[PDB]
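Following: one structure in structure tokens, then a few remarks.
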Amino acid sequence: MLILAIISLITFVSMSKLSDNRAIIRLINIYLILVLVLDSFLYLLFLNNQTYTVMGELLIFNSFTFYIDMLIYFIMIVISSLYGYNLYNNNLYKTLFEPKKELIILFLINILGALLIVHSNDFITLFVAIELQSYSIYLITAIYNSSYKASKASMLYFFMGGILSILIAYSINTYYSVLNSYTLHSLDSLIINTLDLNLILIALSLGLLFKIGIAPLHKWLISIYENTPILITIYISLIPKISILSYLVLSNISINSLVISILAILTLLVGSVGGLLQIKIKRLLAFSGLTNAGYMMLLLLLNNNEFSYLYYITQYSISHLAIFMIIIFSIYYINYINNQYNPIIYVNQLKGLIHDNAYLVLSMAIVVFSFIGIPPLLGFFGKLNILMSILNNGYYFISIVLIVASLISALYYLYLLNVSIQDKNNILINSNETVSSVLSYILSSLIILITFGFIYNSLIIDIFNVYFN
Amino acid sequence: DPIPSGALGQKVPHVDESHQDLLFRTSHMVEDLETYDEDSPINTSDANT
Amino acid sequence: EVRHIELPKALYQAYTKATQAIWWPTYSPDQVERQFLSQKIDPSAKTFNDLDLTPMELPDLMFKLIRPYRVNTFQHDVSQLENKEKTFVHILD
Amino acid sequence: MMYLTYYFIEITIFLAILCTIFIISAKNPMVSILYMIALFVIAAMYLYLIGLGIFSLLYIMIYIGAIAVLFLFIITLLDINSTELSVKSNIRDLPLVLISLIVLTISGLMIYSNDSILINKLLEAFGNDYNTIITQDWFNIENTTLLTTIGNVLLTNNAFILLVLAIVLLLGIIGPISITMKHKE
Amino acid sequence: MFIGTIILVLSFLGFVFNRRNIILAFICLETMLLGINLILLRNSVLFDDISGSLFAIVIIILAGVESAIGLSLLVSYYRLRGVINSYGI
Amino acid sequence: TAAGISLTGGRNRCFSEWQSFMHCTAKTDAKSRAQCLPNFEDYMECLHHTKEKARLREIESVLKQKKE
Amino acid sequence: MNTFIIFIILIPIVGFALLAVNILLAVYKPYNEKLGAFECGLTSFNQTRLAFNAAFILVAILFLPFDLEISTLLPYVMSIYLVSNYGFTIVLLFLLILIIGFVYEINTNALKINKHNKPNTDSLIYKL
Ligand SMILES: CCCCCCCCCCCCCCCCCC(=O)OC[C@H](COP(=O)(O)OCCN)OC(=O)CCCCCCCCCCCCCCCCC
Ligand SMILES: CCCCCCCCCCCC(=O)OC[C@H](COP(=O)(O)OCC[N+](C)(C)C)OC(=O)CCCCCCCCCCC
């Protein structure tokens, strides 16, 4: 469906004006919805965790990957809704948020690379898909070429991703030099304990992981997320992370690594501490994503990590989308538009939002306390399942570091809420412009999921026990 | 009563049109605390004209 | 940077003596002989000033004479050019 | 006469080191591109030496013929200022440069062997002493070369990666138009 | 094995310690890919295996597309700025 | 997918050892997988020729110092 | 020593023959204005580059992917018999997917040169 979509949209966008790109995005959003509705019955193939090898033995299809694909479709639906539906029908919001002509095509190609990463079973497919993701996401960072910051980020991202791709290719070709193979199915107990193979494998893991900001290589991606447009940041900060971490979780590559443990501790400490003096919103959220990436690095050392990873990545995706959507909604009440691309930059521009929109601040509070991991919300159950796994597998110092990072991160998560529930002079009394219906419904649905998804945890576990065990 | 404070109680700048000026370029603060935009409509009014 | 070597007499004189076998003019051995003979001005002889002439001297005319061989590599300190260059069109759409 | 052509792999290694140093060292980046072309020539030589002249010609027609051409195309059209290699600017790198040279080379040579003790992992990499026997079989009845087999596997056993490279090339067309062109309406 | 590791390492160092150009960064990336492909093809010959040559030709294609995209991004950067300086990417 | 294919389109140099090892893996479970240690050693020996190199080092050293 | 090898080495290490013949035989006594370059012409320290149209660089950037396409078709034409009626369909799908991008290129008019000083086409209307 994605390739059909790509081959259709290329023609239909070539033969269409720039006045039609928003409606094109709406069309393909409804297309993705219909796909996720009608074709999602394929979950029955994976009953009792039946796994399939496709295209020779180049792709792998199981419940894990089907779930990640449904999740990526859901994310693309939300991100396309943010481009296909105007928040307000004003000249300002037709200057700030306009889709460029090729943006949807590049999004769909990046989604294709994401899914061919998670579905990969041979390293040639992995490399082709990594490059199809990274080239497309370079161009996504660069499509708003009237921004100095975005062009600069485009080029930094090109070079750093290029170097890390060199690392991935070196790892792959060294694995081939040793074993004469490109497939991880070629490994077993005997081959692991007979060959020393951890340098190659951890080189691959780090080449994949530094592409999502794992410390000490975080500053460049945080600068890229800061310097890009908000509606591009929301995509480029989430989907690569899902793709690469899902590949590294499905591939059991770092089961008791000391290096990955060390770097995960470092990611937690950096992502918690460095976000304390950040005055800007996107850098704060970038460090939040960094510490969540650390929490998800921890479950690359387990060998039974599907439930924890899927729960945490789903809840982090919902929270990430919700918080970026709240920052997008808050632009109507900020008193100073900073740029055409990042209309809101600093956290103190959210001062007094409760007096203009109180339920938007209720949403912000729900998301902030899910990030902190406060029950009965969803992030609490995420953290609980992660802790369950890592303590069942014997990581006792990492657990205390995890608690300390959970505590230190709460400060910069609460910075937002604190300034939002402060008092402000020159409040809003009336406004005849109303925000969109669709985007309001999407945000409300995400917030309601965060708030009331714990009701279904029993049912989710019972389904997992049939499709993943 | 208002002076902007941060997450850790530290001083934060109130960002205006005040310091998108040519004065506050060519200073070497870190990427986090710079406050010069380089994409502001104040600076980029004559760009590729 | 003009290149100079300063190698001995018995060798350069022989190299010059050898290069007189080609047909085109080259540095002669008697010239490297004259390399040891500085100017001894005869004081009894007349001079320019008897002709009411005042010569130029080399440093004021070296510019005029050597500027054809001046390369003029690049401009000076293209920093402070960035923000003015930002206002021009560099790729025409 | 026999061993006059023995050290032609070592000569290519030496020339590659030289051309990389000249790339790093050249004043004008046009000269760096020309030395990159010379390094591609050296690699193509080495590939002929080990028996892959098809890849040598593919390299000559792709890398030198298109990529280097595009490099020259852009430096002919864009102002790319340059700071010359200096001792007041680059000499600070020597300690880290040397440390990284030693560490990276030794790790790159250690990574290829499966022996447990670390020093022996380098000593096996330098164990290039004994020659390979090339015996002849009579089982291959066809005229299959490397390009034929690449096509066979790429169009039958690996058709998916070809039909994904198609979308990669579509990106190669659609991205640059989106980034370089400005659409009117 | 030797020529490729050497080209790779020297290209990586000439990328990391480049205070001069952006063209040198492009060149060092391309030479890094070259070095990987040469190690790959030497192993392909020694094992008598096609997967290495397949991966190599795929790298050729992907590196070409990488060069095209990178030099489009540079052209956008130059659209806005007009001069690509010693520093600042 | 392209595993076990030569440069000429056929079986590679170390196919037979790999195929023996994979037969023994198909016979076995993860607890009986240690029976396939000699087969994997043979496959890796065909690949890299470590033991033959050490053997020839011994032969050469006897040709080297016990004579001169 | 094969005739191929002899020729391909001999051409480079002999090609400077007439170069040396010309360097040794011919006069060389330059002037300033013989080292010059034109009838008239000058330029102050204004810039090092001229503004160029996008198509000039886009033709080169698009040469790479289409060249790689046509070079990736070489394995097919050297494997055409062995991949009988399967690889045929596969390479047809390949060519169709790559024709979609060519269609995009044509419909966007990316290699067209646009003109700034348009001719005026608007009517002459007189307020009475
Ligand atoms: C990409 C850019 C292009 C440039 C590329 C450069 C070449 C690439 C070099 C190799 C690839 C980079 C690898 C990245 C570093 C991280 C590697 C790693 O983490 O793997 C370590 C791994 C053991 O770690 P682990 O499995 O997690 O823990 C269980 C332990 N039983 O496995 C190991 O146990 C490692 C084995 C230990 C030996 C390491 C070799 C170092 C030797 C250096 C000695 C130098 C001499 C002394 C100092 C000289 C200075 C003057
Ligand atoms: C799937 C779209 C994801 C998009 C995001 C929306 C969340 C949907 C959750 C349904 C998951 C499921 O019901 O499945 C349970 C899955 C595996 O089951 P499955 O193989 O995927 O079959 C599902 C067949 N469907 C597609 C027809 C439904 O176990 C898991 O670990 C799910 C962990 C997610 C926890 C988050 C809970 C959110 C609260 C839900 C309130 C209604």
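Would you work out which of A:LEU42, A:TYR52, A:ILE28 lies farthest towards the positive end of the dipole of chain A? Charges go on Cβ: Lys and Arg +1, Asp and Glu -1.
Towards the positive end, the residue furthest out is A:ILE28.
Identify, among C:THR54, C:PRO29, C:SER44, the residue whose Cα sits farthest towards the positive end of the charge dipole of chain C, taking +1 on the Cβ of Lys and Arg and -1 on the Cβ of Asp and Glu, with the dipole about the Cα centre.
Towards the positive end, the residue furthest out is C:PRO29.
At most 13 other Cβ atoms within 10 Å plus a DSSP loop assignment makes a site exposed; report the longest stretch of chain G without any exposed chymotrypsin sites (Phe, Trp or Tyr not before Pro).
The reported range is G:87-125.
Are any of the pairs A:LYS100/G:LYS118; C:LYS64/G:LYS29; A:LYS280/A:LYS351; A:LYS280/C:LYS86; A:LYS211/D:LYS121; A:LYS149/G:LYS118 more than 23 Å apart by Cα-Cα distance, and if so, which?
Exceeds cut-off: A:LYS100/G:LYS118; A:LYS280/C:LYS86; A:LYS211/D:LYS121; A:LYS149/G:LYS118.
Pull out the extension gain between G:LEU93 and G:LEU124, defined as 0.36 nm times the separation in residues minus the alpha carbon to alpha carbon distance; nm, one decimal.
5.7 nm
Residue by residue, what Karplus-based ³J(HN,Hα) values in Hz, rounded to whole numbers, does the stretch D:85-91 have, using 6.51, -1.76 and 1.60 with θ = phi - 60° and x for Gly and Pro?
Karplus values, whole Hz, x for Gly and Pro: 4, 10, 8, 6, 10, 10, 5.
Would you work out if chain E is rounded, prolate or oblate? Take a ≥ b ≥ c from the square roots of the eigenvalues of the alpha-carbon gyration tensor; rounded if a/c is under 1.5, else prolate when a/b is larger than b/c, oblate otherwise.
It is oblate, given that a/c is not under 1.5 and a/b is not larger than b/c.
With the Cα gyration tensor of the protein assembly as shown giving a ≥ b ≥ c as the square roots of its eigenvalues, does the rule (a/c under 1.5 for rounded; else a/b larger than b/c for prolate; else oblate) give rounded, prolate or oblate?
oblate
So which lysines can C:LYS17 reach, going by Cα to Cα under 22 Å and dropping same-chain residues fewer than 8 places off?
Output for C:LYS17: C:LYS9.
Measure off 7 Å from each Cα along the Cα-to-Cβ vector at A:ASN90 and G:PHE63, then give the distance between these two points in nanometres to one decimal.
Spacing of the two 7 Å Cα→Cβ label points: 5.0 nm.
In the stretch G:1-97, which GluC sites (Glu not before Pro) are in a loop and have at most 15 other Cβ atoms within 10 Å, using DSSP for the loop call?
Sparse-neighbourhood loop GluC sites (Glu not before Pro): G:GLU33, G:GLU39.
Where in chain D are the DSSP H helices whose C-alpha atoms run 18 Å or more along the long axis and whose mean Kyte hydropathy is at least 0.0?
Counting only whole DSSP H runs, the qualifying helices are D:8-25, D:29-49, D:94-110, D:159-180.
Could you give the angle, 0 to 90 degrees to the nearest 10, between helix A:239-250's Cα long axis and the longest principal axis of the Cα atoms of chain A?
In chain A, helix A:239-250 runs at an angle near 20 degrees to the longest axis.
Charges at C-beta only: +1 for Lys and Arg, -1 for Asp and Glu. How large is the resulting dipole of the stretch D:1-151 about its Cα centre, in Debye rounded to 20?
That gives a dipole near 480 debye.
Counting helices only, and only those DSSP H runs with n ≥ 4, report the 222 nm mean residue ellipticity of chain G as the sum of -39,500 (n - 2.57) divided by its residues, in deg cm²/dmol to the nearest 500.
Mean residue ellipticity at 222 nm (helix-derived): -18000 deg cm²/dmol.
If a/c stays under 1.5 just call it rounded; otherwise compare a/b with b/c (prolate if a/b is bigger, oblate if not). Do that for chain F, with a ≥ b ≥ c from the square roots of the Cα gyration tensor eigenvalues. Walk me through the numbers before you get to the answer.
Details: a/c = 5.47, a/b = 1.72, b/c = 3.18.
Since a/c reaches 1.5 but b/c is at least a/b, the shape of chain F is classed as oblate.
Could you run the Karplus curve 6.51 cos²θ - 1.76 cosθ + 1.60 with θ = phi - 60° over the stretch C:87-93 and give me ³J(HN,Hα) per residue in whole Hz, x for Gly and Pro?
Running phi through 6.51 cos²θ - 1.76 cosθ + 1.60 with θ = phi - 60° gives 8, 9, 9, 10, 9, 8, 8 Hz.
On a 0 to 90 degree scale, rounded to 10, what angle separates helix E:23-47 from the longest Cα axis of chain E?
Its long axis makes an angle of about 10 degrees.
Answer with one residue from F:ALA34, F:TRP18, F:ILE59: the one whose Cα lies farthest towards the positive end of the charge dipole of chain F, charges on Cβ with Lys, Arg +1 and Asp, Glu -1.
Sorting the options by dipole projection puts first F:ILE59.
Suppose every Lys and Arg Cβ carries +1 and every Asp and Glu Cβ carries -1, with no other charges. What dipole size does the stretch A:1-157 come out with about its Cα centre, to the nearest 20 debye?
Around 740 debye, computed over the stretch A:1-157.
Short version: ³J(HN,Hα) in whole Hz for each residue of the stretch G:9-19, in order, from phi by Karplus 6.51 cos²θ - 1.76 cosθ + 1.60 (θ = phi - 60°), x for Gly and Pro, what are they?
7, 5, 4, x, 7, 10, x, 7, 4, 5, 4
Would you mind counting up the charge near A:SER165? Only other residues with Cβ under 13 Å from its Cβ, with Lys and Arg at +1 and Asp and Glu at -1.
Residues near A:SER165 contribute -2 overall.
At a Förster distance of 25 Å, what's the computed FRET efficiency of C:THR73 paired with D:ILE17, Cβ-Cβ distance as r, to 0.05?
FRET efficiency, C:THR73 to D:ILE17: 0.25.
What FRET efficiency comes out for the pair C:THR19/C:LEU51, r = Cβ-Cβ distance, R0 = 45 Å, nearest 0.05?
Working: r = 39 Å, r/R0 = 0.88.
Once rounded, the FRET efficiency stands at 0.70.
Could you work out how far helix A:457-467 tilts from the main Cα principal axis of chain A, as a 0 to 90 degree angle to the nearest 10?
In chain A, helix A:457-467 runs at an angle near 40 degrees to the longest axis.
Which stretch or stretches of the stretch C:53-93 have amide N atoms under 13 Å from the point lying 7 Å from B:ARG25's Cα along the Cα→Cβ direction?
C:79-88
If you place +1 on the Cβ of every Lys and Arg, -1 on the Cβ of every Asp and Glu, and leave all else neutral, what size is the dipole of the protein assembly as shown about its Cα centre, to the nearest 20 Debye? Intermediate results must be reported in sequence, preceding the final value.
Numbers: 60 positive and 69 negative charges, 174 e Å.
In total the dipole reaches around 840 debye.
Just so you know, all these numbers are worked out from the coordinates, no wet-lab data involved. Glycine also receives a Cβ, built like all others from the backbone with ideal geometry; neighbour counts cover every protein chain displayed.
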